[PDB]
Structures are given as C-alpha cells and as structure tokens.
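What follows is a single structure, written as structure tokens, with notes after it.
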Amino acid sequence: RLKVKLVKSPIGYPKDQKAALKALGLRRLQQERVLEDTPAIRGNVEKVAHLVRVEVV
RNA sequence: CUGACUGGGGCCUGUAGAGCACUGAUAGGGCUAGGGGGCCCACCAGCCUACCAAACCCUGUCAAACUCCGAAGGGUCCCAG
Ligand SMILES: [K+]
Ligand SMILES: [K+]
Ligand SMILES: [K+]
Ligand SMILES: [Mg+2]
Ligand SMILES: [Mg+2]
Ligand SMILES: [Mg+2]
Ligand SMILES: [Mg+2]
Ligand SMILES: [Mg+2]
Ligand SMILES: [Mg+2]
Ligand SMILES: [Mg+2]
Ligand SMILES: [Mg+2]
Ligand SMILES: [Mg+2]
Ligand SMILES: [Mg+2]
Ligand SMILES: [Mg+2]
Ligand SMILES: [Mg+2]
Ligand SMILES: [Mg+2]
Ligand SMILES: [Mg+2]
Ligand SMILES: [Mg+2]
C-alpha cells in the first residue's frame, strides 16, 4: 500500500494534473490518503510526483 | 458508473532530429559535350588556356512549400482502476 500526502498547491498547474489529484481523492493541502499499489493508481501518483510525498505502509 | 485522469493492448501520423535516394540550391579538385581567345588556318584539323562551363568521379554543405529515414508525444478503440 502507498501513503500519499499532498504537500504543494496545485494552483497554476495544468488541468490534467488537477484531475489526477481528484482521481486519487486528494483535495486539501497536507491531506493524507492510503491507496492500494496498483498500476492504474500508481500512474496517477507518478503524474503529480512534484506535488506529493509518497511512503510505503 | 457510464466522467476527467490513469494502466495494459492494437491501430493511425510525417513534426523535432537527421539525411541527400528525389526536386531545387551549393564549395574545392579531377575528367571533359559545348564556349572566349589562341600556333592558326579555310585546302582539312589538332593544339594551346593560371578565362567559363553539361554530364560523370572524389571530397564538402543547405531547404516552410525537399525526403531513402524518423522519434518523444498525440489521436482513437477495447478491457481495468
Ligand atoms: K466505474
Ligand atoms: K539532393
Ligand atoms: K494507445
Ligand atoms: Mg505550487
Ligand atoms: Mg487555480
Ligand atoms: Mg505552477
Ligand atoms: Mg504558483
Ligand atoms: Mg488546502
Ligand atoms: Mg529540421
Ligand atoms: Mg534521415
Ligand atoms: Mg543552398
Ligand atoms: Mg564541380
Ligand atoms: Mg542539410
Ligand atoms: Mg533547418
Ligand atoms: Mg536539414
Ligand atoms: Mg513537400
Ligand atoms: Mg522536413
Ligand atoms: Mg469502468
């Protein structure tokens, strides 16, 4: 499982990166979600790597 | 539950780059159809050129409307989140 925390604001970033955060359920700064490590989920995690911090739990 | 976005799979494309196979452009040399003069000689032709220049050969380049090539990506469909 992956633990993903939103640490940088998506203001000013392209709409596809905003949509990737919505697909992951990250809506607030510093919000923390535990998601399953599957390629479909992981693909969106990589897309917004510069905005989030990822840990394995 | 079909959405943005994402994962896998197939198909579509001629840009970036690159290249000279086509079309044009183009540097140096070699070889020479044909040019300027020329030893001339019109009875008849070769030859002389550190003056041009067709093709050809070597070396060396350029291109939005060149392409023997050709990505990253993008588009679309199917299945999955
Ligand atoms: K669904
Ligand atoms: K050419
Ligand atoms: K595809
Ligand atoms: Mg920011
Ligand atoms: Mg905004
Ligand atoms: Mg920004
Ligand atoms: Mg900003
Ligand atoms: Mg916030
Ligand atoms: Mg180019
Ligand atoms: Mg090429
Ligand atoms: Mg040119
Ligand atoms: Mg030449
Ligand atoms: Mg070129
Ligand atoms: Mg160019
Ligand atoms: Mg070129
Ligand atoms: Mg053309
Ligand atoms: Mg081209
Ligand atoms: Mg579905």
Side-chain angles (χ1 to χ4, degrees):
Chain A
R1 298 212 308 244
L2 297 169
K3 212 214 199 333
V4 196
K5 168 189 217 77
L6 184 59
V7 299
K8 206 178 187 280
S9 185
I11 301 159
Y13 283 96
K15 57 175 154 97
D16 57 3
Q17 290 174 209
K18 291 179 164 97
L21 289 170
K22 171 189 300 287
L24 296 173
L26 293 161
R27 312 129 83 101
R28 201 204 271 94
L29 216 42
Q30 314 312 124
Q31 173 178 359
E32 206 146 281
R33 305 234 333 151
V34 166
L35 306 154
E36 298 278 7
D37 197 347
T38 67
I41 281 154
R42 186 177 263 310
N44 264 327
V45 167
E46 280 152 76
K47 193 180 167 84
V48 288
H50 57 288
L51 314 163
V52 301
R53 156 189 326 139
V54 183
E55 273 95 340
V56 186
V57 290

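We name chains A, B, ... by the order of the sequence lines, and we start the count at 1 in each one. Basis for what follows: all heavy atoms, side chains included, without hydrogens, waters or symmetry-related copies.
- If you take atom P in B:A54 and the same atom in B:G35, they sit 15 Å apart, rounded to whole Å.
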Nucleotide-resolved protein contact map, nucleotides 75-81 of chain B, B/S/- at heavy-atom distance under 4.0 Å: ------B

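- Anti is the glycosidic conformation of B:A63, whose angle departs from 0 by more than 90°.
- At whole-Å resolution of the value, CG in A:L35 and P in B:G7 are 16 Å apart.
- Because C1'-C2'-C3'-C4' is positive for B:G30, its sugar is assigned to the north class.
- Across all strands shown, B:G10 is found opposite B:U76 as a Watson-Crick or G-U wobble partner, with both distances under 3.5 Å.
- Comparing B:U67 with B:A27, their P atoms are spaced 24 Å from each other, to the whole Å.
- Residues A:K5 and A:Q30 have side chains in contact (heavy-atom distance under 4.5 Å, counting atoms from C-beta outward).
- A gap of 14 Å separates the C1' atoms of B:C22 and B:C69, to the nearest Å.
- Separation of the P atoms belonging to B:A16 and B:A63 is 11 Å when rounded to the nearest angstrom.
- The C1'-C2'-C3'-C4' torsion of B:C20 is negative, which assigns its sugar to the south, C2'-endo side.
- Straight-line distance from the CZ atom of A:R42 to the P atom of B:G7: 12 Å, rounded to whole Å.
- Each of A:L24, A:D37, A:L26 was evaluated against A:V45; a single residue qualifies, A:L24, per the side chain to side chain contact (heavy atoms under 4.5 Å, CB included) test.
- In this structure, the CD atom of A:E46 is 14 Å from the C1' atom of B:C5, given to the nearest Å.
- From A:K8, atom NZ reaches atom CZ of A:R53 across 13.5 Å, with rounding to the nearest 0.5 Å.
- Judged by Watson-Crick or G-U wobble contacts below 3.5 Å, the nucleotide B:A4 has no partner.
- A salt bridge is defined here as a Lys NZ or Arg NE, NH1 or NH2 lying under 4.0 Å from an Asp or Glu carboxylate O, and A:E36 with A:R1 fails to meet this definition.
- Both conditions hold for B:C56 and B:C57, whose six-membered rings have centres under 5.5 angstrom apart and planes under 30 degrees, so their bases stack.
- Note: A:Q31 CD to A:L21 CG = 10.0 Å, rounded to the nearest 0.5 Å.
- Atom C1' of B:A18 sits at a distance of 24 Å from the matching atom of B:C58, rounded to the whole Å.
- Atom CG of A:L6 and atom CZ of A:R27 lie 12.0 Å apart (nearest 0.5 Å).
- When atom types are taken as modelled, the side chain of A:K18 and the backbone of A:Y13 share a donor-acceptor pair closer than 3.5 angstrom.
- Judged by the sign of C1'-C2'-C3'-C4', the furanose ring of B:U67 adopts a south, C2'-endo-like conformation.
- Nucleotide B:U32 forms a Watson-Crick or G-U wobble pair with B:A53, both donor-acceptor distances falling under 3.5 Å.
- Rounded to whole angstrom, the span from the CG atom of A:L21 across to the P atom of B:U6 amounts to 12 Å.
- When the P atom is used for both B:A55 and B:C68, the distance is 23 Å, rounded to whole Å.
- In this structure B:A25 is not paired with B:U13, as neither the Watson-Crick nor the G-U wobble definition is met at both distances under 3.5 Å.
- With both distances required under 3.5 Å, B:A45 does not pair with B:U23 in Watson-Crick or G-U wobble fashion.
- Two different hydrophobic clusters hold A:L2 and A:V7 under the rule that ILVMFWY side chains link at heavy-atom gaps under 4.5 Å.
- Counting non-hydrogen atoms of other residues, nucleotides and ligands closer than 6.0 Å to NZ of A:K3 gives a total above 12.
- Judged by the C1'-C2'-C3'-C4' torsion, the sugar of B:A4 sits on the north side, since the angle is positive.
- When the side-chain nitrogen and oxygen atoms of A:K47 are compared with OP1 and OP2 of B:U6, one or more of them lie within a distance under 4.0 Å.
- Using the sign of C1'-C2'-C3'-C4' as the criterion, B:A50 is classed as a south pucker.
- Residues B:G17 and B:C69 show canonical Watson-Crick or G-U wobble pairing, with both defining distances under 3.5 Å.
- In this strand, B:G38 does not stack onto B:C39; the six-membered rings are not both under 5.5 Å apart and under 30° in angle.
- Nucleotide B:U6 holds its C1' atom 14 Å from the CG atom of A:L26, rounded to whole Å.
- For B:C41 with B:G73, the Watson-Crick or G-U wobble criterion does not hold with each of the two distances under 3.5 Å.
- One can place NZ of A:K15 at 7 Å from P of B:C5, the figure rounded to the nearest angstrom.
- For the P atom pair drawn from B:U13 and B:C57, the interatomic distance equals 36 Å after rounding to whole Å.
- Taking atom CG on A:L24 and atom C1' on B:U6, their separation rounds to 9 Å, with Å as the unit.
- Judged by ring-centre distance under 5.5 Å and interplanar angle under 30°, strand neighbours B:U67 and B:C68 are not stacked.
- Regarding A:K22, its NZ atom lies at a distance of 13 Å from the P atom of B:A4, rounded to whole Å.
- A:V34 and A:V4 fall into different hydrophobic clusters, defined by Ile, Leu, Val, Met, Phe, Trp and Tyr side-chain heavy atoms under 4.5 Å apart, directly or through other members.
- B:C66 and B:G19 are base-paired, meeting the Watson-Crick or G-U wobble geometry with both donor-acceptor distances under 3.5 Å.
- Distance check on atom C1': B:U2 versus B:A65 gives 46 Å, rounded to whole Å.
- Remark: B:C48 base-pairs with B:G37; criterion is Watson-Crick or G-U wobble with both hydrogen-bond distances under 3.5 Å.
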